[PDB]
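A.B. asks: Mind looking over this structure? Questions follow.
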Protein chains: 4
Amino acid sequence: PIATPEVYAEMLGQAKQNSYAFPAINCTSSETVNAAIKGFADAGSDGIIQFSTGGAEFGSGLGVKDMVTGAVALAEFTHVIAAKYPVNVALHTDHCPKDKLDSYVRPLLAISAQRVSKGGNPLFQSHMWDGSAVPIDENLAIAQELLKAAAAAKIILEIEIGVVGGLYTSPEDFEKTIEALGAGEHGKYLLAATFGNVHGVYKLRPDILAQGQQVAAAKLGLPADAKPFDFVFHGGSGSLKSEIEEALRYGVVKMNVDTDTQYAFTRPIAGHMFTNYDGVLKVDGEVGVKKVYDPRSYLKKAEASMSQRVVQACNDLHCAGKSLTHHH
Amino acid sequence: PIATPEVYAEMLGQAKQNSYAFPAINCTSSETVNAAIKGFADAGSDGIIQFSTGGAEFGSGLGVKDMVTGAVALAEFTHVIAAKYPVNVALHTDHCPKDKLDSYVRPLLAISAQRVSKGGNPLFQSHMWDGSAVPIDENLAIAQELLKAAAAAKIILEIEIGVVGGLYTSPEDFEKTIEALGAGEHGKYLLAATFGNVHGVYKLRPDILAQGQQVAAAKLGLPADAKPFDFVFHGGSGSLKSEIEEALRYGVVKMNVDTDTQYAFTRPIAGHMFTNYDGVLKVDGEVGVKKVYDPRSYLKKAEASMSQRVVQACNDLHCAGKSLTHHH
Amino acid sequence: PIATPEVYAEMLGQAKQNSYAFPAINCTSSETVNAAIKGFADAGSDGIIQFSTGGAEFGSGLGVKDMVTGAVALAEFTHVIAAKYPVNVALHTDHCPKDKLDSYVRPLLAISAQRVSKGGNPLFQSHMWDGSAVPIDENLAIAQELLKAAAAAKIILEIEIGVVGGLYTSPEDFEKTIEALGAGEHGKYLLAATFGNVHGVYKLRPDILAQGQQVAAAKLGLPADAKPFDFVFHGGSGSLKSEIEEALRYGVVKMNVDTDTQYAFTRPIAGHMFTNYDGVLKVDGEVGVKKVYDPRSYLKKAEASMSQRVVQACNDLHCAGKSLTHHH
Amino acid sequence: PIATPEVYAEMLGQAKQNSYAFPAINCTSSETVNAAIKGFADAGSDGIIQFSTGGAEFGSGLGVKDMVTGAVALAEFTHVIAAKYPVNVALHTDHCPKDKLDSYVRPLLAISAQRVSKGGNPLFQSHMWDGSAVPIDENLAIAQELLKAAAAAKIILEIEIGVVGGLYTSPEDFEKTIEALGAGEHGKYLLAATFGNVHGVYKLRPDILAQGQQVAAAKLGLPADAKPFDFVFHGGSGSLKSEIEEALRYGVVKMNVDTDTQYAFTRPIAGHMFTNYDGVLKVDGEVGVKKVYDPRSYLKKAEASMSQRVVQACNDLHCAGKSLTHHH
Ligand code: NA
Ligand code: NA
Ligand code: NA
Ligand code: NA
Ligand SMILES: [Zn+2]
Ligand SMILES: [Zn+2]
Ligand SMILES: [Zn+2]
Ligand SMILES: [Zn+2]
Ligand SMILES: [Zn+2]
Ligand SMILES: [Zn+2]
Ligand SMILES: [Zn+2]
Ligand SMILES: [Zn+2]
């Protein structure tokens, strides 16, 4: 099923408690959503499906190019599909900068607030505010008001302090975050801190995350080994095993996956076109071969390949076999 | 917007009155739905989007393979998208044989009956019962009870008498159809008659349709030039202009398109893979090129190409520039 | 075997007498020479293999780029191969303009004159002087001295009056040609006249050739139906059957083929690369498949395909089954 | 130029004296010969071009399939080309087993004996007798009579003791070889011994070669560090640097290269077909693009790429910059 707000909070709390994380898979379409959920289900895992600003725009079609429309359309599709699987699937929106808040996150929050007001659950279970391009104080002022709106709609907020590529987060940056937002008692939030992490597969310092947890623990009057933050790891695709393991130990509960699942989705499509070149093209006066230019023929292979890569992510992040539905 | 039942009936009545038809485009995904609606909008035309049994199964994903789930999921997606376009888009389900009625058309009718009972509109605006593999009397017995259910849910039924490939419909076959179902007063229906028409692009007798109209007119006590039937043309892709024109004159209001839009969708994907071969594949120890293995890069080209082919269909069937919303 | 000068003259005389022609296939390599000779042999036909200036340069390799070297190297190769076939193969050089005479045709003539002086046969059996870019009088002055040199080396000269693309040859142009060169008694020559013919496959006037024959016959005091000229048809690839037939009737004895055999050679290579994409490329960390990146694997397919196209040319030009060796 | 027998012997003697080796490149065509010689010339190196039984058969064309014909045809071509380069190029025939001696090596030896009898040089400068499938005594009996014939025709014989894949050569095997053939005083020979070496790129014991040299030195009454054998390294493509270096130290003077140059030749052809897919194929009723289906367009890229790989071989084997013509 779609993760209820209660289930999603429990997912993240269990991940943190047990030092594992969920892959958050960027999707752009019915096929990619289907591949992701099938991957989670094959791994006996709960998981997160996220739509970026560009993914949402693509989802809305070339005739619309509207982020809210695309996100809502894909979310409505995902609600129907996820009801047929025995794992929990949470819906999330990815990086939204300041000048897109009024055209992405805010209208989506408003839609969910309306659902909640009528006794329903929110359409998305988390939204990202990406304030890494603005000064920390401005970032956290926006985060504070968004956290209030988000919590009131039963939604978890993801925020980012410092910049993802494609200087590190200071102890004071971590300190300000705890001071402005608390440690979950004013609403759950996820924190993307910057520790040398980059988008795309081509100098990670996971110790920055360990430092953030210690700085927060000291601020809160907690034991030295406490982990007050739930961290998000941006630029997950292409990471070393030892680096992932360290990140998990320091409280990463969500790792974003996009590049690696894109390659997995495209790879069998390329193979299909090449081996069926004279079927997918009308060559030498012939009319091609409908059975191989039927989009389903190669898109089913793309779906299966992407699902395999998602299963790998679940095993790498150690959430495989741990779905809170306990289908074994 | 999505066509209301009232708008859809008006679409078909206007098409018939003015000797034009709508393309009914088989879709299987968010991308293909988006391409189809953009095509209708670019042509200033209303249109129909249809899901086959196989398309619905594909839409539900490899982990589900459930026709109802896929149709509902894609219909919910389409409802969100179509609200953003200034043309009317009707949703239809394609060929459902006897042994799939209980797992496709009937549950979908039930969903729409529930919506209507609550003061809403049906999820789909038409459903096809394909009884061409059973004897005419059995076909029409099923059609009669389905027409009653369909009309009660504000849904148009499509039926088929005789077999589409990939012998012709007799005057008595046409006669039995009028006798069992009437001429619309017991609920609107669309009729696929068989006149030498075949699925897939590789002996049409459109005069069979003219004969059916005359046989029905005589039965009903109408003038010789009356056209009591609203016909559906199966195997639209790859047809001659002169054959389409004749079909339109005899009351074809809906022409099914699948093969031709499949080729249009796939063609730029193939081109993409070939010209970006060393970007979509990791070759010679290199890591490929994310900007070209990102599915959006080639799927946007696929969408645009499919939309162009849909525009061509609207111009071929003469529904281009005739949307009942009159945006000019 | 390689055509002796005596056999070559007999080939052309028989072609003219019986209204057929030989394909003259542009070759650039051991593979293309092999494909051409196999094509002639499969068709039971004699044939011509020709090297262009660019083909000769390519034959000499990127480290040499010398037309004489490439032509000699490929001619020496062809001499060895043709000795193993029961058809006659003549070697020819294609379009040589004025500023390349001193670096192609003249040195090659000199090589053959040396062979003949020692009691041997010439290396090539014909050479083309292409003077179509210079005024007719200058063209024919050069042709006259080259014809003397060529005849002394037992070599047939091909000349061109008027320009091949990618205005027509006048009666006076034809008249001047007979006046300057005679009708074979001062050495055999072949004549490329311009009648709307073009290089490459994308307004032919074969009657220009009929007119030339009549003009020459009148000059020579011959009957009206005499054909004093042996014509060459440039731009043979992609020609209509009716146009070829007419050309043959008017004394075309040689039709140049390049574009069509190039496509035939390349087509299975392309097919090979696509269907073996993951064998001819090292993909995803794999090491490819030696059996399909071995050049012989696809070059044998290229050879066979080119040979098939040459067989087609022999049947189109009606020289198939007419080899002067009479192997039946 | 082509290596004279005197120059070839000097090449191998200098290689041995200075612990370097020549690549021996398998060629099958005018293009591959041209690529190889250009590679040697670009590296300022002398080199060897070899034709296998299969390469020779391919060289003769599908209509002939005769090893002698193909080898002679390609050798005659190579003689013309090599005269235009300022490095020495030796011609060699590769693996000939017992049942092919009468149809490859022996007739070729006979051709060269005829040339030598008339005061000329042999057509090939070395021939391989591959007796690795027969018992050592039989191997060496054949080798002894072939060495006599070869030396009389000014030709170096290559022999093989033990089997190349795709057990090691014993001290007695090495001993028998010296006893039967001497150490060059009865004619120069090259020795392929088996030390865990395999054809094709996917447990080398170079110390077997060191052992052979010591065993031979002891037999001959020479100092312990003497290297009486000139070794040949079969399966050169895909070898480690450290393994090549060791082999050179123990007297390898010739390293066979085939797989690696095949990949280099094919790789840009594949790239060409993919990026020009709609030019090399007639697609969607179009007629393709002659400039890219012209075989020269991609074969020039193949030639250049293969030449680059040959340059790499010359640098790996340390013969680069050491041509005995001393063009610097
Ligand atoms: Na990354
Ligand atoms: Na059709
Ligand atoms: Na042409
Ligand atoms: Na090897
Ligand atoms: Zn990110
Ligand atoms: Zn459990
Ligand atoms: Zn149909
Ligand atoms: Zn209007
Ligand atoms: Zn020409
Ligand atoms: Zn005969
Ligand atoms: Zn070998
Ligand atoms: Zn030097």
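Letters A, B, ... mark the chains of the structure tokens in the order given; residue numbers begin at 1 per chain; ligand numbers begin at 1, in order shown.
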Kindly provide, as a ChimeraX atom specification, all nucleotide and amino acid residues lying within 8 Å of ligand 8, counting only C-alpha atoms and all ligand atoms.
C.D. replies: /B:321-328
A.B. asks: So that I can check the surroundings of residue 146 (chain D), please list as an NGL selection string every protein, DNA and RNA residue that reaches within 12 Å of it, counting only C-alpha atoms and ignoring chain neighbours fewer than 3 positions away.
C.D. replies: :D and (98 or 101-102 or 105-110 or 126-131 or 139-143 or 149-153 or 155-159 or 181 or 186-189)
A.B. asks: Suppose we keep N, CA, C and O atoms; can you now write the selection as a compact mmCIF listing (two decimals), in the first residue's frame?
C.D. replies:
# COMPACT_ATOMS: atom_id res chain seq x y z
N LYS D 98 50.28 -30.29 -40.30
CA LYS D 98 50.80 -31.30 -41.21
C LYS D 98 49.95 -31.47 -42.46
O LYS D 98 50.47 -31.51 -43.56
N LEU D 101 50.45 -28.68 -45.15
CA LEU D 101 51.78 -28.38 -45.68
C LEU D 101 51.82 -28.46 -47.20
O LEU D 101 52.37 -27.60 -47.85
N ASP D 102 51.18 -29.49 -47.76
CA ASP D 102 51.19 -29.67 -49.21
C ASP D 102 50.33 -28.65 -49.96
O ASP D 102 50.43 -28.56 -51.19
N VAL D 105 52.47 -24.11 -47.16
CA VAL D 105 53.92 -23.88 -47.04
C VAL D 105 54.77 -24.46 -48.18
O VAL D 105 55.60 -23.77 -48.76
N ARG D 106 54.55 -25.72 -48.54
CA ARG D 106 55.37 -26.32 -49.59
C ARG D 106 55.23 -25.64 -50.96
O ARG D 106 56.25 -25.34 -51.58
N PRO D 107 53.99 -25.37 -51.43
CA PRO D 107 53.91 -24.67 -52.72
C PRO D 107 54.49 -23.27 -52.65
O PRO D 107 55.06 -22.80 -53.63
N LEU D 108 54.34 -22.60 -51.50
CA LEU D 108 54.92 -21.26 -51.36
C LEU D 108 56.44 -21.33 -51.35
O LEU D 108 57.09 -20.48 -51.96
N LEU D 109 57.00 -22.33 -50.68
CA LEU D 109 58.46 -22.52 -50.71
C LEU D 109 58.94 -22.72 -52.14
O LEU D 109 59.98 -22.20 -52.53
N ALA D 110 58.16 -23.49 -52.92
CA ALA D 110 58.50 -23.80 -54.30
C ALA D 110 58.51 -22.53 -55.15
O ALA D 110 59.39 -22.36 -55.99
N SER D 126 59.66 -15.60 -44.14
CA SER D 126 59.56 -16.73 -43.21
C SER D 126 58.25 -17.49 -43.38
O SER D 126 57.27 -16.92 -43.87
N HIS D 127 58.26 -18.78 -43.03
CA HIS D 127 57.08 -19.64 -43.03
C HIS D 127 57.01 -20.39 -41.74
O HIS D 127 58.04 -20.85 -41.24
N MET D 128 55.81 -20.56 -41.19
CA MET D 128 55.64 -21.39 -39.99
C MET D 128 55.18 -22.80 -40.29
O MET D 128 54.19 -23.02 -40.98
N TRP D 129 55.93 -23.75 -39.74
CA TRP D 129 55.52 -25.14 -39.66
C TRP D 129 55.03 -25.36 -38.25
O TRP D 129 55.79 -25.23 -37.29
N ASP D 130 53.73 -25.63 -38.09
CA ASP D 130 53.18 -25.87 -36.76
C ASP D 130 52.97 -27.37 -36.55
O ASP D 130 51.96 -27.94 -36.96
N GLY D 131 53.96 -27.99 -35.90
CA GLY D 131 53.92 -29.42 -35.63
C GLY D 131 53.58 -29.75 -34.20
O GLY D 131 53.91 -30.83 -33.70
N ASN D 139 57.70 -34.13 -35.47
CA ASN D 139 57.73 -32.67 -35.63
C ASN D 139 59.10 -32.25 -36.17
O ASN D 139 59.21 -31.58 -37.21
N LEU D 140 60.14 -32.71 -35.49
CA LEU D 140 61.50 -32.30 -35.82
C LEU D 140 62.06 -32.94 -37.09
O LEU D 140 62.94 -32.37 -37.73
N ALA D 141 61.55 -34.12 -37.48
CA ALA D 141 61.93 -34.71 -38.74
C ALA D 141 61.42 -33.85 -39.90
O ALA D 141 62.15 -33.58 -40.85
N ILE D 142 60.16 -33.43 -39.80
CA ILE D 142 59.57 -32.54 -40.80
C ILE D 142 60.30 -31.19 -40.78
O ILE D 142 60.62 -30.64 -41.84
N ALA D 143 60.58 -30.69 -39.58
CA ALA D 143 61.26 -29.40 -39.44
C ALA D 143 62.63 -29.44 -40.10
O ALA D 143 63.03 -28.51 -40.77
N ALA D 149 65.03 -26.86 -47.08
CA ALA D 149 64.34 -26.24 -48.21
C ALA D 149 64.24 -24.73 -48.01
O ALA D 149 64.50 -23.95 -48.94
N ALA D 150 63.87 -24.33 -46.79
CA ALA D 150 63.69 -22.91 -46.47
C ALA D 150 65.01 -22.15 -46.59
O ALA D 150 65.08 -21.11 -47.26
N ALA D 151 66.07 -22.67 -45.98
CA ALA D 151 67.37 -22.01 -46.04
C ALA D 151 67.87 -21.88 -47.49
O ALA D 151 68.43 -20.84 -47.86
N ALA D 152 67.62 -22.89 -48.31
CA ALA D 152 68.02 -22.87 -49.72
C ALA D 152 67.27 -21.80 -50.53
O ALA D 152 67.79 -21.32 -51.55
N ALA D 153 66.07 -21.44 -50.06
CA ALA D 153 65.27 -20.37 -50.67
C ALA D 153 65.43 -19.03 -49.94
O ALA D 153 64.67 -18.10 -50.19
N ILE D 155 64.87 -18.36 -46.75
CA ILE D 155 63.68 -18.20 -45.92
C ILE D 155 63.93 -18.75 -44.51
O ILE D 155 64.55 -19.81 -44.36
N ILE D 156 63.45 -18.03 -43.50
CA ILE D 156 63.55 -18.46 -42.10
C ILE D 156 62.33 -19.32 -41.74
O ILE D 156 61.20 -18.99 -42.09
N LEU D 157 62.58 -20.44 -41.08
CA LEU D 157 61.49 -21.31 -40.67
C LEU D 157 61.10 -21.03 -39.22
O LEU D 157 61.97 -20.92 -38.36
N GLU D 158 59.80 -20.94 -38.95
CA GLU D 158 59.28 -20.92 -37.59
C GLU D 158 58.69 -22.29 -37.32
O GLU D 158 57.97 -22.84 -38.15
N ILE D 159 59.02 -22.85 -36.16
CA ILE D 159 58.45 -24.13 -35.73
C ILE D 159 57.80 -23.98 -34.36
O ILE D 159 58.04 -23.00 -33.65
N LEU D 181 68.39 -29.50 -35.26
CA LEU D 181 68.37 -28.31 -36.12
C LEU D 181 69.59 -27.42 -35.96
O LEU D 181 69.87 -26.58 -36.81
N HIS D 186 72.74 -24.18 -39.64
CA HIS D 186 72.14 -24.95 -40.74
C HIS D 186 70.94 -24.24 -41.31
O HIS D 186 70.12 -24.83 -42.01
N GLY D 187 70.87 -22.95 -41.02
CA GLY D 187 69.70 -22.13 -41.38
C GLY D 187 69.03 -21.58 -40.14
O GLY D 187 68.85 -22.28 -39.13
N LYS D 188 68.65 -20.31 -40.21
CA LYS D 188 67.98 -19.67 -39.09
C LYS D 188 66.56 -20.22 -38.92
O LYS D 188 65.83 -20.43 -39.89
N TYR D 189 66.18 -20.46 -37.67
CA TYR D 189 64.79 -20.80 -37.36
C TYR D 189 64.32 -20.05 -36.12
O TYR D 189 65.13 -19.60 -35.29
A.B. asks: Residues of chain C no more than 9 Å from chain B, counting only C-alpha atoms: send them over as a list in words.
C.D. replies: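 The answer, sorted by residue number, is residues 274, 281, 282, 283, 284, 285, 286 and 287 of chain C.
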A.B. asks: Which residues of chain B come within 7 Å of ligand 2, and what is each one's closest atom pair and distance in Å (one decimal), counting only C-alpha atoms and all ligand atoms, sorted by chain and residue number, as a tab-separated table?
C.D. replies:
residue	atom	partner	partner_atom_place_in_ligand_line	distance
B:198	CA	ligand 2	1 (Na)	5.2
B:199	CA	ligand 2	1 (Na)	4.3
B:200	CA	ligand 2	1 (Na)	4.1
B:201	CA	ligand 2	1 (Na)	4.8
B:235	CA	ligand 2	1 (Na)	3.7
B:236	CA	ligand 2	1 (Na)	5.1
B:237	CA	ligand 2	1 (Na)	4.4
B:238	CA	ligand 2	1 (Na)	5.3
B:239	CA	ligand 2	1 (Na)	6.6
A.B. asks: Take the residues from that selection and write them out as a PDB file, in the first residue's frame, keeping N, CA and C atoms.
C.D. replies:
ATOM      1  N   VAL B 198      -8.423  -5.499 -40.865  1.00  0.00           N
ATOM      2  CA  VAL B 198      -7.389  -6.301 -40.172  1.00  0.00           C
ATOM      3  C   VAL B 198      -6.441  -5.464 -39.281  1.00  0.00           C
ATOM      4  N   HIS B 199      -6.069  -6.011 -38.117  1.00  0.00           N
ATOM      5  CA  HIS B 199      -5.059  -5.400 -37.234  1.00  0.00           C
ATOM      6  C   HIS B 199      -3.658  -5.543 -37.766  1.00  0.00           C
ATOM      7  N   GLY B 200      -2.906  -4.441 -37.749  1.00  0.00           N
ATOM      8  CA  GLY B 200      -1.492  -4.443 -38.148  1.00  0.00           C
ATOM      9  C   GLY B 200      -1.233  -3.933 -39.555  1.00  0.00           C
ATOM     10  N   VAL B 201      -0.086  -3.279 -39.746  1.00  0.00           N
ATOM     11  CA  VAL B 201       0.299  -2.739 -41.056  1.00  0.00           C
ATOM     12  C   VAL B 201       1.279  -3.663 -41.784  1.00  0.00           C
ATOM     13  N   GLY B 235      -8.654  -1.666 -37.178  1.00  0.00           N
ATOM     14  CA  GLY B 235      -7.518  -1.743 -38.076  1.00  0.00           C
ATOM     15  C   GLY B 235      -7.386  -0.473 -38.897  1.00  0.00           C
ATOM     16  N   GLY B 236      -7.327   0.671 -38.219  1.00  0.00           N
ATOM     17  CA  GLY B 236      -7.240   1.969 -38.896  1.00  0.00           C
ATOM     18  C   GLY B 236      -5.880   2.271 -39.499  1.00  0.00           C
ATOM     19  N   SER B 237      -4.827   1.961 -38.743  1.00  0.00           N
ATOM     20  CA  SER B 237      -3.452   2.158 -39.196  1.00  0.00           C
ATOM     21  C   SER B 237      -3.196   1.526 -40.574  1.00  0.00           C
ATOM     22  N   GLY B 238      -2.572   2.290 -41.470  1.00  0.00           N
ATOM     23  CA  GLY B 238      -2.175   1.796 -42.792  1.00  0.00           C
ATOM     24  C   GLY B 238      -3.243   1.764 -43.872  1.00  0.00           C
ATOM     25  N   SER B 239      -4.364   2.442 -43.636  1.00  0.00           N
ATOM     26  CA  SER B 239      -5.492   2.436 -44.576  1.00  0.00           C
ATOM     27  C   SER B 239      -5.357   3.498 -45.673  1.00  0.00           C
TER      28      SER B 239
END
A.B. asks: Just the residues within 10 Å of residue 83 (chain B), please, counting only C-alpha atoms, with nothing from its chain fewer than 6 positions along; format it as a PyMOL selection string.
C.D. replies: (chain A and resi 69) or (chain B and resi 1-3+89)
A.B. asks: So that I have them on file, write out the residues from the current selection with N, CA and C atoms, as a PDB file, in the first residue's frame.
C.D. replies:
ATOM      1  N   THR A  69       0.809  19.565 -11.788  1.00  0.00           N
ATOM      2  CA  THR A  69      -0.005  18.638 -12.578  1.00  0.00           C
ATOM      3  C   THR A  69       0.673  17.268 -12.710  1.00  0.00           C
TER       4      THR A  69
ATOM      5  N   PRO B   1     -10.559  18.967 -21.049  1.00  0.00           N
ATOM      6  CA  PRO B   1     -11.068  18.170 -19.936  1.00  0.00           C
ATOM      7  C   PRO B   1     -11.395  16.752 -20.380  1.00  0.00           C
ATOM      8  N   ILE B   2     -11.603  15.858 -19.415  1.00  0.00           N
ATOM      9  CA  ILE B   2     -12.203  14.566 -19.731  1.00  0.00           C
ATOM     10  C   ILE B   2     -13.609  14.843 -20.276  1.00  0.00           C
ATOM     11  N   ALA B   3     -14.003  14.114 -21.318  1.00  0.00           N
ATOM     12  CA  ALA B   3     -15.368  14.209 -21.850  1.00  0.00           C
ATOM     13  C   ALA B   3     -16.381  13.729 -20.814  1.00  0.00           C
ATOM     14  N   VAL B  89     -11.457  14.787 -24.041  1.00  0.00           N
ATOM     15  CA  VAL B  89     -10.790  13.498 -24.178  1.00  0.00           C
ATOM     16  C   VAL B  89     -11.684  12.433 -23.529  1.00  0.00           C
TER      17      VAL B  89
END
A.B. asks: At a cut-off of 8 Å and counting only C-alpha atoms and all ligand atoms, what residues surround ligand 7? Please answer as a PyMOL selection string.
C.D. replies: chain B and resi 94-95+164+199+233-235+256
A.B. asks: Take the residues that were just selected and, keeping N, CA, C and O atoms, output them as a PDB file, in the first residue's frame.
C.D. replies:
ATOM      1  N   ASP B  94     -10.751  -1.260 -24.939  1.00  0.00           N
ATOM      2  CA  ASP B  94     -10.749  -1.950 -26.233  1.00  0.00           C
ATOM      3  C   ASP B  94     -11.067  -3.445 -26.042  1.00  0.00           C
ATOM      4  O   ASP B  94     -11.182  -3.901 -24.902  1.00  0.00           O
ATOM      5  N   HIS B  95     -11.209  -4.184 -27.153  1.00  0.00           N
ATOM      6  CA  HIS B  95     -11.597  -5.630 -27.202  1.00  0.00           C
ATOM      7  C   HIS B  95     -11.580  -6.398 -25.924  1.00  0.00           C
ATOM      8  O   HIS B  95     -10.515  -6.753 -25.416  1.00  0.00           O
ATOM      9  N   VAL B 164     -12.442  -9.436 -36.746  1.00  0.00           N
ATOM     10  CA  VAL B 164     -11.293  -8.688 -37.272  1.00  0.00           C
ATOM     11  C   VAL B 164     -10.077  -9.610 -37.318  1.00  0.00           C
ATOM     12  O   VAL B 164      -9.754 -10.270 -36.327  1.00  0.00           O
ATOM     13  N   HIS B 199      -6.069  -6.011 -38.117  1.00  0.00           N
ATOM     14  CA  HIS B 199      -5.059  -5.400 -37.234  1.00  0.00           C
ATOM     15  C   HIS B 199      -3.658  -5.543 -37.766  1.00  0.00           C
ATOM     16  O   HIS B 199      -3.248  -6.638 -38.168  1.00  0.00           O
ATOM     17  N   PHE B 233     -14.281   1.650 -36.943  1.00  0.00           N
ATOM     18  CA  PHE B 233     -13.379   1.089 -37.951  1.00  0.00           C
ATOM     19  C   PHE B 233     -12.153   0.521 -37.230  1.00  0.00           C
ATOM     20  O   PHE B 233     -11.301   1.277 -36.740  1.00  0.00           O
ATOM     21  N   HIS B 234     -12.093  -0.808 -37.136  1.00  0.00           N
ATOM     22  CA  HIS B 234     -10.942  -1.490 -36.548  1.00  0.00           C
ATOM     23  C   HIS B 234      -9.914  -1.799 -37.584  1.00  0.00           C
ATOM     24  O   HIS B 234     -10.245  -2.167 -38.714  1.00  0.00           O
ATOM     25  N   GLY B 235      -8.654  -1.666 -37.178  1.00  0.00           N
ATOM     26  CA  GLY B 235      -7.518  -1.743 -38.076  1.00  0.00           C
ATOM     27  C   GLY B 235      -7.386  -0.473 -38.897  1.00  0.00           C
ATOM     28  O   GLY B 235      -7.347  -0.527 -40.122  1.00  0.00           O
ATOM     29  N   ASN B 256      -9.936   3.186 -34.890  1.00  0.00           N
ATOM     30  CA  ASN B 256      -8.906   2.738 -33.968  1.00  0.00           C
ATOM     31  C   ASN B 256      -7.516   2.859 -34.597  1.00  0.00           C
ATOM     32  O   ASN B 256      -7.302   2.459 -35.748  1.00  0.00           O
TER      33      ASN B 256
END
A.B. asks: With DSSP run on the backbone, what are the alpha helix (DSSP H) residues within region 13-253 of chain B? I'd like them as JSON, numbers by chain.
C.D. replies: {"B": [13, 14, 15, 16, 17, 30, 31, 32, 33, 34, 35, 36, 37, 38, 39, 40, 41, 42, 53, 54, 55, 56, 57, 58, 59, 67, 68, 69, 70, 71, 72, 73, 74, 75, 76, 77, 78, 79, 80, 81, 82, 105, 106, 107, 108, 109, 110, 111, 112, 113, 114, 115, 116, 117, 136, 137, 138, 139, 140, 141, 142, 143, 144, 145, 146, 147, 148, 149, 150, 151, 152, 171, 172, 173, 174, 175, 176, 177, 178, 179, 180, 181, 207, 208, 209, 210, 211, 212, 213, 214, 215, 216, 217, 218, 219, 220, 241, 242, 243, 244, 245, 246, 247, 248, 249]}
A.B. asks: Show which residues sit within 7 Å of residue 258 (chain D), as a ChimeraX atom specification. Count only C-alpha atoms, and ignore same-chain residues fewer than 2 positions away.
C.D. replies: /D:25-26,237,256,260-262
A.B. asks: Might you pull out every residue within 10 Å of residue 179 (chain B), with only C-alpha atoms counted and same-chain residues fewer than 5 positions away left off, and present them as a PDB file with C-alpha atoms, in the first residue's frame?
C.D. replies:
ATOM      1  CA  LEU B 140     -26.431  -9.824 -28.682  1.00  0.00           C
ATOM      2  CA  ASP B 173     -26.642  -9.728 -38.585  1.00  0.00           C
ATOM      3  CA  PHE B 174     -27.330  -6.000 -38.956  1.00  0.00           C
ATOM      4  CA  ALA B 216     -31.270  -0.770 -40.516  1.00  0.00           C
ATOM      5  CA  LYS B 219     -36.137  -2.035 -40.417  1.00  0.00           C
ATOM      6  CA  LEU B 220     -36.757   1.271 -38.622  1.00  0.00           C
TER       7      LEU B 220
END
A.B. asks: Distance CA of residue 195 (chain A)-CA of residue 232 (chain A), one decimal place?
C.D. replies: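 So the answer is 11.2 Å.
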